[PDB]
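Novice:
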Amino acid sequence: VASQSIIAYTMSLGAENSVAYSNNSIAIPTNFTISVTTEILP
Amino acid sequence: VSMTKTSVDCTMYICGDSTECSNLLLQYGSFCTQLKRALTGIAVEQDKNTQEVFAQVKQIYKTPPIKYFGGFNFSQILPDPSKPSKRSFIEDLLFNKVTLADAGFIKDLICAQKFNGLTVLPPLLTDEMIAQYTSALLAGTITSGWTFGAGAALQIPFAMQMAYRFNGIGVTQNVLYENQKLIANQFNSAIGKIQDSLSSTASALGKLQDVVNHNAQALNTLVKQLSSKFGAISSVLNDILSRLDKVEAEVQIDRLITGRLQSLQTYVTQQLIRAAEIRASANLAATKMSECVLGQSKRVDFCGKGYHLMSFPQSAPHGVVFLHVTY
Amino acid sequence: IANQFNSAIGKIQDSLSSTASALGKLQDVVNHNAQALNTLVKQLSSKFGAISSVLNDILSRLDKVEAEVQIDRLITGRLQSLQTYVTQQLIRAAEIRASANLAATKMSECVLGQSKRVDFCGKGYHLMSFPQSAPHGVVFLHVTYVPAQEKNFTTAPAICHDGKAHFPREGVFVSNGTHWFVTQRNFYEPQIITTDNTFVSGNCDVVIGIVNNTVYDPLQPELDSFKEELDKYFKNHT
Amino acid sequence: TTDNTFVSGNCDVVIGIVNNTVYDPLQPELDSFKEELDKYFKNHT
Ligand SMILES: *[C@@H]1O[C@H](CO)[C@@H](O[C@@H]2O[C@H](CO)[C@@H](O[C@H]3O[C@H](CO)[C@@H](O)[C@H](O)[C@@H]3O)[C@H](O)[C@H]2NC(C)=O)[C@H](O)[C@H]1NC(C)=O
Ligand SMILES: *[C@@H]1O[C@H](CO)[C@@H](O[C@@H]2O[C@H](CO)[C@@H](O[C@H]3O[C@H](CO)[C@@H](O)[C@H](O)[C@@H]3O)[C@H](O)[C@H]2NC(C)=O)[C@H](O)[C@H]1NC(C)=O
Ligand SMILES: *[C@@H]1O[C@H](CO)[C@@H](O[C@@H]2O[C@H](CO)[C@@H](O[C@H]3O[C@H](CO)[C@@H](O)[C@H](O)[C@@H]3O)[C@H](O)[C@H]2NC(C)=O)[C@H](O)[C@H]1NC(C)=O
Ligand SMILES: *[C@@H]1O[C@H](CO)[C@@H](O[C@@H]2O[C@H](CO)[C@@H](O[C@H]3O[C@H](CO)[C@@H](O)[C@H](O)[C@@H]3O)[C@H](O)[C@H]2NC(C)=O)[C@H](O)[C@H]1NC(C)=O
Ligand SMILES: *[C@@H]1O[C@H](CO)[C@@H](O[C@@H]2O[C@H](CO)[C@@H](O[C@H]3O[C@H](CO)[C@@H](O)[C@H](O)[C@@H]3O)[C@H](O)[C@H]2NC(C)=O)[C@H](O)[C@H]1NC(C)=O
Ligand SMILES: *[C@@H]1O[C@H](CO)[C@@H](O[C@@H]2O[C@H](CO)[C@@H](O[C@H]3O[C@H](CO)[C@@H](O)[C@H](O)[C@@H]3O)[C@H](O)[C@H]2NC(C)=O)[C@H](O)[C@H]1NC(C)=O
Ligand SMILES: *[C@@H]1O[C@H](CO[C@@H]2O[C@@H](C)[C@@H](O)[C@@H](O)[C@@H]2O)[C@@H](O[C@@H]2O[C@H](CO)[C@@H](O)[C@H](O)[C@H]2NC(C)=O)[C@H](O)[C@H]1NC(C)=O
Ligand SMILES: *[C@@H]1O[C@H](CO)[C@@H](O)[C@H](O)[C@H]1NC(C)=O
Ligand SMILES: *[C@@H]1O[C@H](CO)[C@@H](O)[C@H](O)[C@H]1NC(C)=O
Ligand SMILES: *[C@@H]1O[C@H](CO)[C@@H](O)[C@H](O)[C@H]1NC(C)=O
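These protein sequences, in sequence, are chains A, B, C and D. Start counting the first sequence at 687; every next residue gets the next number (the UniProt record's numbering). Letter by letter, the second sequence follows residues 729 to 835, 848 to 1067 of the UniProt record's numbering. Start counting the third sequence at 923; every next residue gets the next number (the UniProt record's numbering). Start counting the fourth sequence at 1116; every next residue gets the next number (the UniProt record's numbering).
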């Protein structure tokens, strides 16, 4: 059994990430995505 | 970036525990719903301003356990993990330099404001959550440059990132490598002067203190306006009701209703005007976050005096401090 | 790049066909102007302490002298209701202008140009933007190059060859673990390290983290080939 | 020229590519050095 109710929580700010930084390490994109996005202004 | 959220109510402000005045106030119609709505429209906007300035990152980026960045010493702007409130050293100064009249947490002039139905509401994001967004923006900036603004955070060694910046200002990258130690010492000694500047200067956070003081003065003026007679025999409502008969007592209260309701419309109009200049500043700060932290700016003087190289955000009570680095 | 763009314009239609809440910033302007006028009509039913809200009832029941003190109660309240409405509308007009001045700036800098300003013309590196009209506003369809499918490389700030130190004219040095290349910074595209892709400055000691690798001259081979051409003629001459 | 342009890939992946000669400022020097070289071989005979 499962049912719906009002939960309350501390909000998450975003997923955790640790950048793989190093004295001589670089990440370079091997591809791309063209992305189309709306912006709406009155 | 934001100001204190406030809420009020005609039922208590105009006449606390007073059903007789409560019935006279119904004759004035919708004004109390307009005032409550207007203050709620300001209150929801303070979260929006804070979220547009700080919540620009999608992931909480973190710096590695080894904190070597080409000789550049970020230890006074990166978070101090020994503290309960996980802010940086410089953020600590900012929180102690600007005093907050009321935090708005569970329950002085703070009490007396509340006594008359004027309430202060807490911000949605706590000062810990603003420190997490700020340390994520900073961890992205010192481990991946501008790339975390455009897509994934892509690592690069910090001296090679600073070399790209030098190329952006039209100085060939070979120059940076030749003066690396000099450039790092200049930067480290410049960050050393921020602390002393902020610690010694009484007026440095003036634009944030001013907002706190205007929020405190506006509520003090509004709660002081309850003692005004407005042409009535008294400002004390049960004094009137005891000394005068129902016909005469009613008109005396009316004066007090008309006057107090003017003190609220004044406060809410002053607040709606003061909210508009805070939003203008929050939109500027959100623009400065995108263009000076997530990028390098060709715009003259937009990211401090000089040719812009990079900028670092630091949270403050009701604001943001940008540490702009320039050649 | 065309198929990506065409697929992304497909997702704009799918999004706009699926929900109303996407245009909330334009609906809210209609709603705030409508509510405010509805409130101002509602506020005619208020008495402001008069014997009636309905102005003709005062003029039906009372006579000029004691009617004046009722009508004056309604004028005072209704004029305040207008002075409130006009103040809220002036404060909204300033908020909408600031948005029109931003939208005109986005039209000039994102449609009539290409923007170096980060996050100003959408979330990525800005290529171009297309305006689309809406009731009481504008939609910009921002087109952005977003980098994808990254991989790790070893890197160096400079390459050491003949005791001279070299730096890329454009791009960055990278290694797969055995060989060294120059690539452009925003898309992995390796090339042999040469005197065309790099410039010399100083010597191999002042720079922290410099690596030893060859730097090729495209001249040497053709010069050596001419030397085998020259020699062949001398042999034949013998 | 080879200095106005940069090379990448081959003539089958690009839509609308056109055939034209691309100049090499090196050839003139090499071509002249080669007539000069011949003249020395002839003169030596
Ligand atoms: C860069 O990313 C591109 C996607 O953004 C990618 O193109 C995609 O490639 C896959 C296969 O690798 C295609 O998937 C189809 O491939 C064949 C048909 O050709 C089928 O066997 C598969 O089952 C599937 O139908 C995607 O359709 C294709 N996407 C697009 C938009 O064309 C590129 O390959 C990537 N480039 C590199 C160098 O990795
Ligand atoms: C980055 O800059 C930091 C501050 O400029 C610096 O931390 C400072 O380090 C010195 C020396 O370690 C400390 O001086 C204290 O040293 C010992 C520690 O107990 C005491 O016995 C001394 O009397 C003296 O008080 C500073 O207190 C310390 N400053 C802070 C704010 O912690 C870092 O070392 C620098 N990092 C690098 C990598 O150079
Ligand atoms: C460009 O400006 C640099 C400063 O912004 C300057 O570096 C400075 O050099 C002087 C000496 O040339 C140093 O002065 C100290 O040097 C030694 C200590 O090692 C002492 O004998 C001296 O009495 C004095 O204490 C400065 O410390 C140094 N400043 C920094 C921040 O490193 C460069 O020399 C300038 N370059 C050119 C080409 O002019
Ligand atoms: C890093 O990238 C290098 C460049 O692609 C790569 O080296 C290349 O490896 C291929 C074999 O897979 C060689 O191909 C040659 O193979 C024989 C060997 O004699 C020749 O007869 C062929 O004609 C062909 O030329 C490439 O020559 C070689 N490139 C170079 C410059 O030597 C490395 O293997 C890559 N390393 C890793 C760890 O991925
Ligand atoms: C990159 O290549 C450089 C030269 O190809 C190399 O420099 C060489 O470094 C070694 C060791 O430091 C020197 O060897 C000398 O060292 C001492 C005297 O200092 C003696 O015991 C040795 O017998 C020898 O004299 C070489 O002289 C030096 N060569 C040159 C031309 O300077 C770098 O070390 C190389 N770098 C890396 C990271 O491999
Ligand atoms: C630009 O120049 C190219 C090279 O001259 C040329 O490609 C050539 O195209 C012709 C016709 O398609 C080919 O001719 C051969 O075609 C088949 C073999 O594939 C044979 O059956 C034919 O008899 C004939 O031999 C050439 O092979 C081909 N050459 C090359 C190097 O690709 C382009 O067509 C030219 N483009 C324009 C627009 O003029
Ligand atoms: C880049 O590499 C890091 C880890 O470093 C690698 O270590 C070896 C395995 C070898 O591949 C070296 O060339 C690299 O330097 C990756 O970070 C790790 O990612 C895994 C998931 O795949 C995760 O489990 C680990 O915890 C990560 N470690 C750290 C320190 O972050 C990173 O993902 C690589 N980048 C990309 C784009 O794949
Ligand atoms: C990089 O080199 C410096 C200087 O030797 C060293 O202090 C630091 O720990 C190194 N960083 C890493 C990640 O190895
Ligand atoms: C050798 O030189 C003669 C001219 O003296 C020339 O005709 C001939 O082609 C040359 N042979 C070769 C193999 O170059
Ligand atoms: C030409 O030949 C003469 C010998 O006849 C020789 O001395 C001279 O150096 C040669 N020079 C040239 C230009 O080839």
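Note that CB positions come from ideal geometry on N, CA and C, so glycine has one too.
Should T874/B be labelled buried (16 or more other beta-carbon atoms within 10 Å of its own) or exposed?
Specialist: buried
Novice: Going along the chain, which residues put their C-beta within less than 7 Å of some heavy atom in ligand 3?
Specialist: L922/B, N925/B, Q926/B, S929/B
Novice: Return no unless some Cβ of chain A is closer than 7 Å to the Cβ of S1003/C.
Specialist: no
Novice: Would you say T1077/C and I712/A are within 7 Å of each other, going by their C-beta atoms?
Specialist: yes
Novice: Does DSSP put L1063/B in a helix, in a strand, or in coil?
Specialist: strand
Novice: Excluding sequence positions up to five away, which residues of its chain have a Cβ less than 7 Å from the Cβ of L996/C?
Specialist: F970, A972, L977
Novice: Buried or exposed, going by whether 16 or more other CB atoms sit within 10 Å of the CB of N1134/D?
Specialist: exposed
Novice: How many Å lie between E1144/D and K1154/C at the Cα?
Specialist: 20 Å
Novice: For chain B, find out if any of its Cβ atoms is closer than 7 Å to the Cβ of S1055/C; answer yes or no.
Specialist: no
Novice: Would the C-beta of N1134/C count as close to ligand 5, meaning under 6 Å from any of its heavy atoms?
Specialist: yes
Novice: Within the same chain, show all residues whose beta-carbon is closer than 7 Å to that of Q853/B, passing over the 5 residues directly before and after it, in chain order.
Specialist: If we look at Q853/B and ignore the five residues flanking it on each side, its Cβ neighbours are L959, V963.
Novice: Against chain A, with Cβ distances strictly below 7 Å, would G1059/C count as a contact?
Specialist: So yes, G1059/C belongs to the interface.
Novice: Should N914/B be flagged as near chain C, meaning a C-beta pair shorter than 7 Å?
Specialist: yes
Novice: If you measure from each residue's Cβ to the nearest non-hydrogen atom of ligand 2, which ones come out under 5 Å, in chain order?
Specialist: Qualifying residues, in the order they occur: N801/B, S803/B.
Novice: What distance in whole Å lies between the Cβ atoms of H1058/B and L948/B, which are believed to be in contact at a cut-off of 8 Å?
Specialist: 6 Å
Novice: Using the beta-carbon of each residue, which ones in chain B are nearer than 7 Å to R1039/C?
Specialist: The answer, in chain order, is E1031.
Novice: Count Cβ pairs between the stretch 693-709 of chain A and the stretch 786-798 of chain B that sit closer than 8 Å; are there 3 or more?
Specialist: yes
Novice: Less than 7 Å between the beta carbons of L916/B and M902/B, yes or no?
Specialist: yes
Novice: Would you decide whether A942/C is buried or exposed? Buried here means 16 or more other CB atoms lie within 10 Å of its CB.
Specialist: exposed
Novice: Counting only Cβ pairs nearer than 9 Å, list the residues of chain B close to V1129/C.
Specialist: Within chain B, the residues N914, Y917, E918, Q920 have their CB atoms less than 9 Å from the CB of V1129/C, given in chain order.
Novice: Which same chain residues end up closer than 8 Å to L1049/C when comparing Cβ atoms and leaving out the 5 residues on each side of it in sequence?
Specialist: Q1036, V1065, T1066, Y1067
Novice: Report the residue from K1149/D, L1141/D, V1122/D whose alpha carbon sits nearest the alpha carbon of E1151/C.
Specialist: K1149/D
Novice: Using a Cβ-Cβ cut-off of less than 8 Å, give me the residues of the stretch 697-718 of chain A that come near chain C, in sequence order.
Specialist: Going along the stretch 697-718 of chain A in chain order, one finds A706, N709, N710, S711, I712, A713, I714, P715, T716, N717, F718 with a Cβ nearer than 8 Å to chain C.
Novice: Mind checking the stretch 981-993 of chain B against chain C and listing, in chain order, the residues whose C-beta falls within less than 9 Å of any C-beta there?
Specialist: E990, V991
Novice: With C-beta atoms as the reference, is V951/B less than 7 Å away from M731/B?
Specialist: yes
Novice: According to the neighbour-count rule (16 or more other Cβ atoms, all chains shown, within 10 Å of its Cβ), is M869/B buried or exposed?
Specialist: buried
Novice: Is any beta-carbon of chain C found at less than 7 Å from that of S721/A?
Specialist: By this cut-off, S721/A is an interface position.
Novice: Distance check for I1132/C and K1157/D, CA to CA, integer angstroms please.
Specialist: 51 Å
Novice: In chain order, what residues of the same chain lie with their CB nearer than 7 Å to the CB of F898/B, ignoring the 5 residues before and after it?
Specialist: For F898/B, the CB contacts under 7 Å within the same chain, skipping 5 residues up- and downstream, are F797, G798, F800, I882 in chain order.
Novice: Taking Cβ-Cβ distances below 9 Å as the criterion, which residues of the stretch 1008-1025 of chain C are in contact with chain B?
Specialist: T1009, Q1010, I1013, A1016, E1017, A1020, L1024
Novice: State the DSSP-derived secondary structure class of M900/B, mapped to helix, strand or coil.
Specialist: Here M900/B sits in helix by DSSP.
Novice: Counting only beta-carbon separations shorter than 7 Å, does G832/B have a partner in chain C?
Specialist: Chain C, which has no Cβ nearer than 7 Å to the Cβ of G832/B, makes this no.
Novice: Sorted by chain position, which residues of the same chain lie with C-beta nearer than 6 Å to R1000/B's C-beta, five sequence neighbours on each side aside?
Specialist: Closer than 6 Å at the Cβ level, and outside the excluded window around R1000/B, lie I742.
Novice: With burial defined as no fewer than 16 other Cβ atoms inside 10 Å of the residue's Cβ, what is the status of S929/B: buried or exposed?
Specialist: Label assigned to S929/B: exposed.
Novice: If you measure from each CB to the nearest heavy atom of ligand 8 and keep those under 5 Å, what residues do you get, in chain order?
Specialist: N709/A, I794/B, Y796/B
Novice: Pick helix, strand or coil for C1043/B, following the three-state DSSP scheme.
Specialist: coil
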